[PDB]
Participant: 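A single structure is presented below for examination.
Every chain is numbered from 1 and lettered A, B, ... according to where its sequence line falls, protein lines coming before strand lines.
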Amino acid sequence: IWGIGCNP
Amino acid sequence: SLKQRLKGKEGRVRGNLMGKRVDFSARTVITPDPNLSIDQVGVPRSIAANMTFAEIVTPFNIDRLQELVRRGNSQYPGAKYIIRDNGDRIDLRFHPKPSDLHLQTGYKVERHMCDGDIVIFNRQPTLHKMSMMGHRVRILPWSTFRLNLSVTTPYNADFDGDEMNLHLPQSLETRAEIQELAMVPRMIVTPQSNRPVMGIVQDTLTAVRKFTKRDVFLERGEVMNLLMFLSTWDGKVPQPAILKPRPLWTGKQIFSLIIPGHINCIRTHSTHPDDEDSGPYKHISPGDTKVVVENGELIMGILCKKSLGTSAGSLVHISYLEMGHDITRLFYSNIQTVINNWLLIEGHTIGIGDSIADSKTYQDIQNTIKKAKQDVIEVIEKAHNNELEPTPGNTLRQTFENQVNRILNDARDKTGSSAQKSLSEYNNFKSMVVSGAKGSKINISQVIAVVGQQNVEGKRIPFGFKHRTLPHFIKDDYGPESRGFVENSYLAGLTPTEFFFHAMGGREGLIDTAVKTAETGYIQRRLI
Amino acid sequence: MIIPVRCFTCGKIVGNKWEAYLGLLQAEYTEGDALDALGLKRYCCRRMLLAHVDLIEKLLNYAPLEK
Amino acid sequence: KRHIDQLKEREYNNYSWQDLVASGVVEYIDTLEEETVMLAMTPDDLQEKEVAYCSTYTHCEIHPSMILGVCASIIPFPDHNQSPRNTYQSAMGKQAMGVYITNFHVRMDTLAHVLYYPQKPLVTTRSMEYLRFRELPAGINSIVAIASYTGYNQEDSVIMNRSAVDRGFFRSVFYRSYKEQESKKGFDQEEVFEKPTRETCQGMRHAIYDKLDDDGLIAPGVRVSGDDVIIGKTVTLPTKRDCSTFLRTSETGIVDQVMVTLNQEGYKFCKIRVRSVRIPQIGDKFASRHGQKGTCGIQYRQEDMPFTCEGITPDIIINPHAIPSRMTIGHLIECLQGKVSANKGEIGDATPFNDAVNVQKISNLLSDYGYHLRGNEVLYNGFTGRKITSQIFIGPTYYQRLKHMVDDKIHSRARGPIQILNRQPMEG
Amino acid sequence: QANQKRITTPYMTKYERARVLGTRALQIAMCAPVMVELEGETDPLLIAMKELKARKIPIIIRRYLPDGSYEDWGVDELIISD
Amino acid sequence: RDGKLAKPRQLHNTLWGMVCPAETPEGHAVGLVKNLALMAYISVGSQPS
Amino acid sequence: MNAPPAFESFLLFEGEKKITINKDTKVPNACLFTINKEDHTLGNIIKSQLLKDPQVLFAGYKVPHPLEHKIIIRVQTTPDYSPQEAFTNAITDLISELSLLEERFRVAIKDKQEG
Amino acid sequence: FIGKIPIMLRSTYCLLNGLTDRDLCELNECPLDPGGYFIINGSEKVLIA
Amino acid sequence: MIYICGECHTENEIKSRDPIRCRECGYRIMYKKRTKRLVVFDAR
Amino acid sequence: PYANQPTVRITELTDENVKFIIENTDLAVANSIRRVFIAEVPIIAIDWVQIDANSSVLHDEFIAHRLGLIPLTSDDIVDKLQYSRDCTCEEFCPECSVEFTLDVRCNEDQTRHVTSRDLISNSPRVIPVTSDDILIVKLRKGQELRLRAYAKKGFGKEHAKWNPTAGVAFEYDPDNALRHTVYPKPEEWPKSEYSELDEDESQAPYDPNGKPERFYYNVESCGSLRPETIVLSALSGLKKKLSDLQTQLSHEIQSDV
RNA sequence: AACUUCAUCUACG
Ligand SMILES: CO[C@@H]1[C@H](O)[C@H](n2cnc3c(=O)nc(N)[nH]c32)O[C@H]1COP(=O)(O)OP(=O)(O)OP(=O)(O)O
Ligand SMILES: [Mg+2]
Ligand SMILES: [Zn+2]
Ligand SMILES: [Zn+2]
Ligand SMILES: [Zn+2]
């Protein structure tokens with residue numbers, strides 16, 4: 001829910 | 001069939017022999033208790049009255065056991081049964097049995113569980129051996145098991161409706177085995193990663209960070225009140241750091257009395273400038289970062305999860321490796337008690353004012369988002385005009401997605417950094433993040449600046465409808481808003497499309513957790 | 001179900017004020033002005049009347065078991 | 001405006017939603033048609049001429065907040081919470097105690113919980129009106145301080161005010177109903193409701209059979225402690241066998257209603273309902289409307305709780321450490337809006353996508369009533385009287401008492417009953 | 001085995017200490033004569049701990065080597081882990 | 001519920017306005033049990049003649 | 001079911017002493033007073049009044065456990081002074097202060113009324 | 001007569017249908033009760049779509 | 001004992017092993033009626 | 001080495017409220033006086049209920065709870081009445097308790113509001129602060145409430161029904177000069193009613209040598225005890241607790257000797 | 001001095 005590399 | 005009786009889980013071999021339901025076990029909800037020690041557990045009176053421990057009548061304990069037998073099952077510190085030498089179990093619950101109340105050596109009084117009993121405490125799943133630990137019983141009012149908060153991390157337990165199983169050893173031999181092999185102070189350091197399993201956590205961690213700042217100065221009455229909760233205190237008040245104009249001790253000076261023996265440790269605070277070590281003021285550290293404990297005295301530094309947390313080389317780990325497990329238990333308990341009372345003085349909170357940032361900060365966040373959206377628009381125009389060229393190993397679609405993701409992630413990071421610059425010293429989000437008690441800089445950033453890109457299956461929100469994400473967006477829109485980027489913060493509030501995309505991301509996370517449990521469980525069973 | 005005697009937070013008697021609150025609401029008074037007229041000052045006591053749902057009137061519709 | 005004016009006069013104007021559909025103003029669209037329709041979330045923001053995103057909108061959403069369901073519609077400011085927290089709140093709102101139905105007295109349902117003093121939320125969503133949450137609310141508004149007081153709110157637990165609990169705060173009634181049917185299976189073997197006799201009936205127990213009336217059924221209004229005999233049923237033995245029902249262990253209630261009827265078969269059928277009034281304990285579970293729950297860590301009296309200058313002591317103290325990782329800012333906004341509503345006398349509007357209710361506007365409204373903009377308050381330590389150095393966030397938040405209570409979960413075993421096949425301790 | 005050719009560790013392992021202490025505790029609780037002069041200690045486990053510290057527990061541990069052989073180490077001979 | 005595939009459980013874009021995004025059970029049934037949105041209606045059926 | 005009765009908070013059960021005095025061996029001229037069935041109300045008053053005394057080197061109080069009802073007051077005094085005497089003098093001083101407060105509050109009441 | 005069909009409460013064939021809240025109270029039924037369930041063997045059962 | 005009727009709310013006395021039907025209304029749901037012995041409630 | 005001499009100035013005195021100021025006193029003494037206001041002032045409230053007939057919608061223990069929360073005039077005889085534990089007689093008697101009776105039936109069609117006025121006391125001095133009324137229950141036609149209650153002396157430590165006060169407002173250092181609370185932004189914070197600062201100055205200058213003094217109280221009565229006598233009884237009760245403590249301490253010191 | 005099983009579903013961390 002954050003970014004592509006983070007968390008969903 | 002006979003095969004089905006013996007075959008799987010719930011079969012004889014696995015459901016009845018490898019594991020089985022056992023007596024002398026109690027399950028109930030757990031609630032916190034900062035006042036209990038690490039090894040102590042809080043047991044309700046009813047659970048302690050049902051469970052019993054058989055004690056052999058000896059000449060030295062015959063009087064106490066006979067008093068317990070006289071009290072009987074009704075009065076709480078009593079005995080439920082009397083097992084004779086023949087094995088006949090006189091029942092103290094049913095009728096006085098005045099002739100059968102007599103005790104001689106060799107009889108076994110099944111007394112009720114009392115303070116000081118050793119009991120195994122368990123939480124499911126028992127992923128590692130720290131999930132079953134030996135605790136010393138203390139009987140407290142009300143109906144919940146009460147455990148120290150430093151012991152929550154090994155059990156993976158939070159007091160939000162969790163329950164814990166309790167198994168009472170029934171023999172002196174197995175009681176000694178539990179006490180030595182599995183006592184909580186003996187389980188402090190895990191063999192899995194040669195780190196302590198337990199550390200200071202939650203309120204105590206934040207209050208320790210605040211307590212060990214340079215600014216904290218304690219007057220005479222506060223010092224005496226805090227020294228009241230220090231069990232290992234020698235009874236001698238340290239000479240205050242500031243004798244004149246008024247006698248004022250320091251938080252570090254009092255925490256130095258907590259640190260046991262003579263422990264030597266050097267750590268660094270989370271907000272340690274990388275420049276300080278290379279440049280001047282190496283040992284002065286303008287920010288009071290770094291942590292130096294010499295001769296068991298905190299010379300300088302602010303403690304956080306790096307010093308008092310579950311990590312190798314921590315003050316807790318060095319205390320275990322140097323002073324022993326009993327003294328380390330006392331160390332944990334004293335930290336919790338005196339720092340919790342200082343927290344009663346100073347206090348801690350979270351409010352809306354923590355989420356609010358400066359007007360300039362909000363303006364900068366908005367400008368960054370505008371620039372990023374413009375750059376994504378430019379990239380989309382390059383792609384449409386076929387100027388874009390594929391990155392090696394990637395298709396034009398993949399390289400376009402990667403470029404857009406890079407732009408959006410850089411904008412998100414810049415907005416997060418601006419929000420974090422806005423944070424004051426008094427900000428409590430920042431206090432919890434710096435202490436390491438809870439939260440992360442990602443959470444602060446999402447709260448204050450930008451929730452960020454919502455991604456499902458490692459890609460931006462898919463074109464679930466025909467060539468568009470939602471019916472509100474026009475077909476073939478690859479811009480940030482269409483594909484899931486949420487520019488509003490949680491405080492600002494998500495717009496409806498951002499709300500749905502955020503729901504998609506959260507759903508993916510929940511599905512991941514639920515699916516993960518079973519595969520990991522199967523792997524663990526195979527390995528064992 | 002019925003207006004609690006005493007505000008939970010402080011303990012000021014709010015049980016006698018529900019009927020007067022309803023009457024003042026019927027008069028014309030806004031909820032805040034009626035709450036002020038009744039003497040409720042702290043937001044703890046104003047929560048008691050403001051958030052109260054009177055279900056006793058709906059339960060009184062059902063006929064009694066013994067008449 | 002013609003349609004909206006006629007609908008506003010809905011009753012005694014005989015204009016309804018079906019007339020709105022017949023006029024062609026609204027239309028029903030399914031997913032396949034949603035694939036071929038250009039929608040606007042709002043008329044003003046989207047239909048009106050601006051930098052032209054789309055100039056071919058074919059439909060407009062009536063209101064975005066309708067994308068939520070029944071349980072998620074009670075969440076106030078749901079767009080300000082993390083997404084998993086709204087799922088958690090839906091699940092927990094299915095478990096809140098309230099007045100489930102108004103005819104609860106007539107119904108004899110096993111395991112019914114009803115709350116003494118339900119209150120409607122001070123901060124409420126508009127769609128709640130169509131969920132009948134005002135009519136049958138579940139939960140109470142409570143003064144909540146987000147503070148670390150004595151360490152008993154750590155992790156996810158909650159400190160509670162024992163004086164408030166003593167004044168009726170979150171007190172509930174638990175009704176357990178027991179059914180027993182006398183039946184004849186063999187021609188000479190029958191079951192009869194009667195008070196079992198020690199000599200006449202072979203099977204008996206220590207449990208007191210005196211409370212049973214002549215018919216074999218306890219009369220209403222009799223206190224029944226755990227393992228007492230609610231219904232006395234004896235079977236002729238081809239002297240008699242005792243099949244009498246007993247209370248569930250630790251029920252400790254008072255009989256409410258005893259009904260005696262005839263079932264479809266024509267046999268006598270008896271239902272007995274038992275009241276147990278459950279006061280909040282230090283194991284019971286309470287949750288906000290924002291997906292963060294917790295057991296009651298400890299209960300302090302009003303003398304011990306921290307107090308403001310006005311004399312207000314929080315009903316509930318929740319740990320601040322819950323907020324940051326979960327990012328349930330809707331909780332903080334709800335506390336601020338509840339403070340504003342309780343001082344103003346209105347009921348706050350927490351519809352998900354209002355766009356007319358910022359946090360700054362709520363803060364400015366709170367400033368007018370004599371409080372800090374952000375809702376912080378100078379709290380005095382209850383034990384020592386000294387001001388707490390950090391000003392503490394206090395406000396009225398709506399809390400729900402979940403059905404999970406410690407008394408139902410506490411259990412212990414010591415050489416009890418054992419299964420026949422495995423000869424191992426039993427389950428449950 | 002003999003006093004010579006003892007290959008196992010001189011230090012008493014944690015498991016040996018646990019089992020020896022529990023066994024001695026149970027014996028003391030079963031009216032077994034107590035070697036050390038208890039200083040008003042009436043708990044069998046505490047008395048066994050006191051004997052272990054004084055190296056007066058009358059038990060010899062037989063450690064089985066994986067080849068099938070055994071070595072008899074007196075509790076006094078072993079070095080107490082704690 | 002036994003199937004561990006994370007495809008049928010995920011909140012699809014077409015659920016917008018017709019199934020609640022937030023309200024789902026957690027456990028083996030994440031995303032498999034759903035709840036209607038407030039304004040959602042389900043067709044009752046009609047004769048195509 | 002495990003809820004303690006309310007009267008346990010302040011009512012001594014039979015065979016319970018209100019005050020038990022145990023000397024503190026770690027330091028000379030120090031004592032530890034354990035008051036049963038008492039709370040912060042008395043503990044904080046006594047600790048403050050003991051702090052006012054110049055010959056009291058240390059004065060502190062603690063509730064060992066919130067669920068249980070007990071107060072532990074450590075008092076360390078200078079040589080030529082006894083901690084028990086310090087405790088008695090603290091109590092008498094508090095009593096005199098409270099009686100003076102009562103008299104002046106009654107006078108203030110009578111003056112606010114009747115004029 | 002070929003059988004008996006359970007009747008969904010407050011449907012067109014339920015006795016409670018078309019009754020004002022006063023009449024529902026006379027029958028000891030809640031005016032606010034939604035209906036949409038069957039009473040089978042004395043238990044309320046809800047068909048899940 | 002004496003059972004109050006579910007519908008007409010008239011007390012009728014039904015002996016053991018007798019069908020549960022109120023006289024003058026015929027309703028088949030009776031209620032046991034409150035006990036004579038009195039239980040003390042602490043107002044707490 | 002001796003206790004300070006405190007001074008009291010009463011600013012407001014109304015049948016429901018006492019606003020006073022205590023000067024030259026310690027923070028601990030002031031806070032514990034407030035604490036005794038809340039929890040250790042004896043009062044009279046119903047603690048025994050026996051419901052002969054309750055056909056109301058509210059169950060019996062709900063009615064008992066509401067009856068207990070009803071305040072009762074305890075101005076004079078609460079000092080005369082004895083605790084039930086102290087009284088020699090078994091159960092309850094005129095010296096240890098006061099009897100109340102409620103016999104209400106809704107014969108009329110209109111809903112009958114059972115109020116505290118319907119409670120009838122055997123002794124005139126204790127009345128349910130009726131001289132609207134607290135609503136105990138609403139009775140539909142054909143519904144009846146009959147009960148007998150016994151009211152006993154007690155203090156709020158036992159139960160919040162015995163709290164004599166509604167809200168005790170306690171404030172010290174109205175302008176932050178001891179810096180016991182450190183404001184992150186002092187200007188945003190509203191001024192206290194007792195504040196003497198000018199509008200420009202948010203906080204008074206830090207006083208290094210200051211000590212908390214001049215405590216401000218606003219004690220609001222629940223109506224059972226007059227607000228003046230709440231404060232007087234609290235002072236006397238705290239003095240009695242201290243004197244009992246001193247007696248036990250002297251006895252144990254003699255025992256040690 | 002003392003109450004079966006299956007099966008399903010629903011919840012709990
Ligand atoms: C943290 O991990 C725990 C454990 O792993 C244990 N657990 C829970 N459910 C299961 C399950 O189905 N199967 C297995 N094997 N274990 C399970 O529960 C996990 C977390 O779950 P959550 O994520 O809901 O915890 P919140 O973050 O939600 O805590 P709030 O703020 O409510 O107190
Ligand atoms: Mg949990
Ligand atoms: Zn109030
Ligand atoms: Zn009838
Ligand atoms: Zn008497």
Participant: For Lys195(D), which residues count as a side-chain hydrogen bond (donor to acceptor under 3.5 Å, both in side chains) partner, sequence neighbours excluded?
Facilitator: none
Participant: For residues 40-49 of chain H, which side-chain donor-acceptor pairs fall under 3.5 Å, sequence neighbours excluded?
Facilitator:
unit_1: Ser43(H); atom_1: OG; unit_2: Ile40(H); atom_2: O; d: 2.8
unit_1: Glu44(H); atom_1: OE1; unit_2: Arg107(D); atom_2: NH2; d: 3.2

Participant: Quick one: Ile418(D) CD1 to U4(K) P, roughly how many Å, whole number?
Facilitator: 13 Å
Participant: Using the test side-chain hydrogen bond (donor to acceptor under 3.5 Å, both in side chains), find all partners of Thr153(B) that sit at least two apart in sequence or belong to another chain.
Facilitator: none
Participant: To the nearest angstrom, how far is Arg198(D) atom CZ from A2(K) atom P?
Facilitator: 10 Å
Participant: Rounding to an integer number of Å, can you tell me how far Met204(D) CE sits from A1(K) P?
Facilitator: 14 Å
Participant: Kindly write out the residues that satisfy ring-ring contact (aromatic ring centres under 6.0 Å, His included) with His128(B), not counting sequence neighbours, or none if the list is empty.
Facilitator: none
Participant: With sequence neighbours excluded, give me every side-chain hydrogen bond (donor to acceptor under 3.5 Å, both in side chains) pair touching residues 506-521 of chain B.
Facilitator: none
Participant: On the side chain of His206(D), is there an atom forming a donor-acceptor pair with the base of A2(K) - under 3.5 Å, no angle test?
Facilitator: yes
Participant: Strictly under 4.0 angstrom, non-hydrogen atoms only: write out the protein contact profile of nucleotides 5-13 of chain K, one letter per nucleotide from the 5' end, B, S or -.
Facilitator: ------SSS
Participant: Give the ring-plane orientation class for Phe145(B) versus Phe121(B), where under 30° counts as parallel, over 60° as perpendicular and anything between as tilted.
Facilitator: perpendicular
Participant: Grab the CG-P distance between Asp227(D) and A2(K) for me, whole Å please.
Facilitator: 13 Å
